[PDB]
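Student: One structure, pasted below without further comment.
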Amino acid sequence: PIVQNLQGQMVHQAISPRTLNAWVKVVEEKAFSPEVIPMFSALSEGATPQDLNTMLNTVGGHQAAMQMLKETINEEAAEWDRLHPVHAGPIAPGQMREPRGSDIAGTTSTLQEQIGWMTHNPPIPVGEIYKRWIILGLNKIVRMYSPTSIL
């Protein structure tokens with residue numbers, strides 16, 4: 001959960017116990033269901049890496065689930081590069097860079113770093129991006145579980 005200071009700045013307020021608690025309760029009465037993917041995405045409307053990470057770690061802890069989520073996230077990143085390219089070259093001494101999705105992946109970007117990308121101009125939706133990624137995996141997980149139930 002991120003909020004905007006009174007003066008004029010972007011800061012996060014870490015995760016919440018009531019949220020994680022309820023979540024845990026959900027996951028419990030859910031178990032990576034199609035009714036938790038939406039609840040998680042919403043709950044992670046604009047959460048940070050530590051938050052989404054916390055909620056992710058909070059989950060049961062299935063290497064299989066996490067595995068797929070890992071592959072998925074990696075996929076999203078790839079697509080990021082596929083879409084918007086980037087030639088890692090020179091850059092002014094102090095100029096920010098965009099290491100493709102890999103950045104939103106949290107591989108080169110952290111909490112503060114991500115905050116900047118999201119608190120920079122233009123504002124990088126590193127949050128919503130990651131949220132979509134994580135959700136992407138969860139979706140893939142829920143998809144795998146179900147025997148392809150399409151129209």
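Ligands are numbered from 1 in the order shown, chains are lettered A, B, ... in the order of the structure tokens, and residues start at 1 in each chain.
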Each residue of stretch 45-68 of chain A with at least one atom at most 12 Å from stretch 101-106 of chain A should appear once, together with its nearest atom pair and the corresponding distance in Å (one decimal); atoms considered: only C-alpha atoms; ordering: chain, then increasing residue number; output as a tab-separated table.
Tutor:
residue	atom	partner	partner_atom	distance
A:48	CA	A:106	CA	10.3
A:49	CA	A:106	CA	7.3
A:50	CA	A:106	CA	10.1
A:52	CA	A:106	CA	11.4
A:53	CA	A:106	CA	10.4
Student: Considering only helix (DSSP H, G or I) as DSSP defines it on the backbone, what residues of stretch 44-85 of chain A qualify? List them as a VMD selection string.
Tutor: chain A and resid 49 to 58 63 to 83
Student: Using only N, CA and C atoms, please write the residues we just selected to a file, as an mmCIF file, in the first residue's frame.
Tutor:
data_model
loop_
_atom_site.group_PDB
_atom_site.id
_atom_site.type_symbol
_atom_site.label_atom_id
_atom_site.label_comp_id
_atom_site.auth_asym_id
_atom_site.auth_seq_id
_atom_site.Cartn_x
_atom_site.Cartn_y
_atom_site.Cartn_z
ATOM 1 N N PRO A 49 7.161 -4.068 -3.767
ATOM 2 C CA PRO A 49 7.799 -5.358 -3.958
ATOM 3 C C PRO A 49 7.818 -6.159 -2.655
ATOM 4 N N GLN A 50 8.003 -5.438 -1.558
ATOM 5 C CA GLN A 50 8.043 -6.067 -0.249
ATOM 6 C C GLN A 50 6.644 -6.530 0.162
ATOM 7 N N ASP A 51 5.651 -5.775 -0.285
ATOM 8 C CA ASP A 51 4.267 -6.095 0.027
ATOM 9 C C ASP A 51 3.845 -7.334 -0.764
ATOM 10 N N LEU A 52 3.914 -7.208 -2.082
ATOM 11 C CA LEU A 52 3.543 -8.305 -2.959
ATOM 12 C C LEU A 52 4.365 -9.543 -2.596
ATOM 13 N N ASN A 53 5.608 -9.296 -2.210
ATOM 14 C CA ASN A 53 6.504 -10.377 -1.835
ATOM 15 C C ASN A 53 6.008 -11.019 -0.539
ATOM 16 N N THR A 54 5.599 -10.165 0.389
ATOM 17 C CA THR A 54 5.101 -10.633 1.671
ATOM 18 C C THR A 54 3.864 -11.512 1.474
ATOM 19 N N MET A 55 2.939 -11.003 0.672
ATOM 20 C CA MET A 55 1.710 -11.728 0.394
ATOM 21 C C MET A 55 1.996 -13.017 -0.378
ATOM 22 N N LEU A 56 3.025 -12.955 -1.209
ATOM 23 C CA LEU A 56 3.413 -14.107 -2.007
ATOM 24 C C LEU A 56 3.998 -15.183 -1.091
ATOM 25 N N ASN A 57 4.864 -14.741 -0.191
ATOM 26 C CA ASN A 57 5.500 -15.652 0.746
ATOM 27 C C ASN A 57 4.454 -16.170 1.735
ATOM 28 N N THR A 58 3.455 -15.336 1.982
ATOM 29 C CA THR A 58 2.390 -15.695 2.903
ATOM 30 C C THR A 58 1.637 -16.925 2.393
ATOM 31 N N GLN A 63 6.170 -24.768 -4.313
ATOM 32 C CA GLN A 63 7.258 -24.552 -5.250
ATOM 33 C C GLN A 63 6.736 -24.597 -6.688
ATOM 34 N N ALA A 64 5.703 -25.402 -6.883
ATOM 35 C CA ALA A 64 5.103 -25.545 -8.199
ATOM 36 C C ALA A 64 4.409 -24.236 -8.583
ATOM 37 N N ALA A 65 3.586 -23.749 -7.666
ATOM 38 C CA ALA A 65 2.858 -22.512 -7.894
ATOM 39 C C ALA A 65 3.854 -21.373 -8.118
ATOM 40 N N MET A 66 4.755 -21.221 -7.159
ATOM 41 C CA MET A 66 5.764 -20.179 -7.238
ATOM 42 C C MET A 66 6.614 -20.334 -8.501
ATOM 43 N N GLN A 67 6.878 -21.585 -8.849
ATOM 44 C CA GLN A 67 7.675 -21.883 -10.027
ATOM 45 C C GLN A 67 7.026 -21.278 -11.273
ATOM 46 N N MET A 68 5.756 -21.604 -11.458
ATOM 47 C CA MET A 68 5.012 -21.102 -12.601
ATOM 48 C C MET A 68 4.965 -19.572 -12.595
ATOM 49 N N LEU A 69 4.748 -19.022 -11.410
ATOM 50 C CA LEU A 69 4.679 -17.580 -11.255
ATOM 51 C C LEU A 69 6.017 -16.962 -11.667
ATOM 52 N N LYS A 70 7.083 -17.692 -11.376
ATOM 53 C CA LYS A 70 8.420 -17.230 -11.709
ATOM 54 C C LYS A 70 8.575 -17.186 -13.230
ATOM 55 N N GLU A 71 8.196 -18.286 -13.864
ATOM 56 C CA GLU A 71 8.288 -18.386 -15.311
ATOM 57 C C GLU A 71 7.422 -17.312 -15.972
ATOM 58 N N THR A 72 6.223 -17.148 -15.433
ATOM 59 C CA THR A 72 5.294 -16.162 -15.959
ATOM 60 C C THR A 72 5.911 -14.763 -15.901
ATOM 61 N N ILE A 73 6.232 -14.343 -14.687
ATOM 62 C CA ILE A 73 6.828 -13.034 -14.482
ATOM 63 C C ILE A 73 7.951 -12.823 -15.499
ATOM 64 N N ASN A 74 8.812 -13.825 -15.598
ATOM 65 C CA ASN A 74 9.930 -13.762 -16.523
ATOM 66 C C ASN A 74 9.402 -13.514 -17.937
ATOM 67 N N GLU A 75 8.263 -14.125 -18.225
ATOM 68 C CA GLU A 75 7.644 -13.979 -19.532
ATOM 69 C C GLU A 75 7.249 -12.520 -19.772
ATOM 70 N N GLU A 76 6.517 -11.973 -18.813
ATOM 71 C CA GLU A 76 6.071 -10.593 -18.906
ATOM 72 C C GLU A 76 7.254 -9.671 -19.206
ATOM 73 N N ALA A 77 8.345 -9.910 -18.493
ATOM 74 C CA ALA A 77 9.546 -9.112 -18.673
ATOM 75 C C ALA A 77 10.011 -9.219 -20.127
ATOM 76 N N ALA A 78 10.091 -10.453 -20.600
ATOM 77 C CA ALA A 78 10.519 -10.705 -21.966
ATOM 78 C C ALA A 78 9.667 -9.870 -22.925
ATOM 79 N N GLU A 79 8.361 -9.937 -22.716
ATOM 80 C CA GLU A 79 7.430 -9.196 -23.551
ATOM 81 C C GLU A 79 7.724 -7.696 -23.471
ATOM 82 N N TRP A 80 8.133 -7.269 -22.285
ATOM 83 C CA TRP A 80 8.449 -5.867 -22.064
ATOM 84 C C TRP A 80 9.583 -5.482 -23.016
ATOM 85 N N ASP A 81 10.596 -6.335 -23.053
ATOM 86 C CA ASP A 81 11.743 -6.097 -23.913
ATOM 87 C C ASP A 81 11.307 -6.193 -25.376
ATOM 88 N N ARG A 82 10.478 -7.189 -25.649
ATOM 89 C CA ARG A 82 9.981 -7.401 -26.998
ATOM 90 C C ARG A 82 9.237 -6.158 -27.492
ATOM 91 N N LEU A 83 8.415 -5.610 -26.609
ATOM 92 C CA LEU A 83 7.643 -4.425 -26.941
ATOM 93 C C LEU A 83 8.582 -3.219 -27.026
#
Student: Stretch 35-46 of chain A: which residues within 12 Å, counting only C-alpha atoms, same-chain residues fewer than 6 positions away excluded, as an MDAnalysis selection string?
Tutor: chainID A and resid 1:3 11:16 18:20 22:29 52:56 58:59 115 118 125:143
Student: Please measure the separation of atom CA of residue A:112 and atom CA of residue A:92, giving the value in Å to one decimal.
Tutor: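 Computing the Euclidean distance for atom CA of residue A:112 and atom CA of residue A:92 yields 20.3 Å.
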Student: Could you state the separation of atom CA of residue A:108 and atom CA of residue A:84 in Å, given to one decimal place?
Tutor: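 If I compute the distance from atom CA of residue A:108 to atom CA of residue A:84, I get 17.5 Å.
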Student: Rank A:10, A:146, A:34, A:151 by their smallest atom-to-atom distance to residue A:117, using only C-alpha atoms, and report the top residue only.
Tutor: A:10
